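Enquirer: Mind looking over this structure? Questions follow.
Any read-out appearing in this document is the output of simple, stated calculations on the displayed coordinates, not a laboratory observation. Please note: Cβ atoms are built from the backbone with ideal geometry, for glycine as well, and neighbour counts cover all protein chains shown.
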Protein chains: 2
Amino acid sequence: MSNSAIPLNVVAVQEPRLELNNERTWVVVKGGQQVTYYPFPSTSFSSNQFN
Amino acid sequence: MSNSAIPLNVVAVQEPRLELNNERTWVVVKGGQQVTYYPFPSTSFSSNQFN
């Protein structure tokens, strides 16, 4: 097979340079509408504590 | 006891130094976890009015 008992599985991978066949799937990336950032200035900030 | 103008009803009490028997219980005292404190400093004090 084989040759290294217990004999093991053999699979042959491709070179990165050439595939050139395998499932090319177009991937639609989707994330919900309306991201927004808002800055929250403090009220009752003081020099010793703030919240 | 029924010695008064209108008969009155009797009961007995025990002197403090001896009951010595009456039903006792154990009273566990439940108070929500996580008491906190915080100084809220005045959002926009002044010399005239602060708040």
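Enquirer: Rounded to whole angstrom, how close does the nearest chain A beta-carbon get to the axis mapping A onto B, and which residue is it?
Expert: Spelled out as residue then distance in Å, it is A:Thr43, 0.
Enquirer: Can you work out ³J(HN,Hα) from phi for every residue in segment B:22-38, in order, using Karplus 6.51 cos²θ - 1.76 cosθ + 1.60 and θ = phi - 60°, giving whole Hz and x for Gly and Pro?
Expert: After applying 6.51 cos²θ - 1.76 cosθ + 1.60, I find 5, 5, 9, 10, 10, 10, 6, 10, 8, x, x, 6, 5, 6, 10, 9, 7 Hz.
Enquirer: Using a label point 7 Å beyond Cα on the Cα-Cβ vector, give me the inter-copy distances for B:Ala5 in nanometres, one decimal, shortest first.
Expert: 12.3
Enquirer: Then there is this: Can you list, shortest first and in nm, the gaps between the label point of B:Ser42 and those of its counterparts in the other copies, using a point 7 Å from Cα in the C-beta direction?
Expert: Spelled out, the distances from B:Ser42's label point are 1.8 nm.
Enquirer: Based on alpha-carbon positions alone, could you give the equivalent ellipsoid semi-axes of chain B from the gyration tensor, as √(5λ), descending, whole Å?
Expert: Details: eigenvalues 711, 119, 19 Å².
Ellipsoid semi-axes (Å, largest first): 60, 24, 10.
Enquirer: Now, a different point. What are the label-to-label distances in nm, one decimal and shortest first, from B:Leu18 to the same spot in the other copies, with labels 7 Å along Cα to Cβ?
Expert: 11.2
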